[PDB]
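Before any questions on how it binds or moves, here is one chain, the form deposited in one PDB entry, in structure tokens.
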């Protein structure tokens, strides 16, 4: 977003952010409209462009902020828990913060309704949403792959909560024990 967005008071900036978040919880990016957001906020359309270059700007900003949060939900556990137990705890933070949440829809669109055009503009502008050390390491890449995939399938196959828990457990156990041990047992 633009400097004027960041120079808003906490209360005003948080209101603007909430309206942008709410638009993206209820519409895919292709369906989202600047007009919806300004009518929610009851501000002239012009005001929107003082905060953001365009819709994409707001979308990327919302994505970056919510993803940072959903990631921190996991990465914060590693300060006070084994990776094993952090993963088991994260399962339930996901129930509360992803499945039973308005973010369910935000993430379904991100996962299913992405495009090369979005990726093209997203990737070069993006700041890390994971810890600085935690991008370059094999542990994060493996857990990313497997957990993102469970989330993708949750959306894709419209899993119930119990089906999500069942597969997460099976697959995170396989990751934890390894392929060799899972095979022996």
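Numbering follows the first chain given and starts at 1.
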Segment of higher mean CA temperature factor, 76-84 or 100-108: 76-84
Which wins on mean Cα temperature factor, 53-61 or 121-129? 121-129
Which one of 45, 27, 144, 36 shows the biggest C-alpha B-factor in the PDB entry? 45
Where the record places residue 91 (Cα B-factor, split into thirds across the chain): middle
Entry-reported C-alpha B-factor of residue 173 relative to its chain, by third, is middle
Can you tell me which third, lowest, middle or highest, the CA B-factor of residue 11 falls into for its chain? middle
Divide the modelled residues of the chain into thirds by Cα B-factor and specify which third, lowest, middle or highest, holds residue 136. highest
By its CA B factor, does residue 149 count among the lowest, middle or highest third of the modelled residues in the chain? lowest
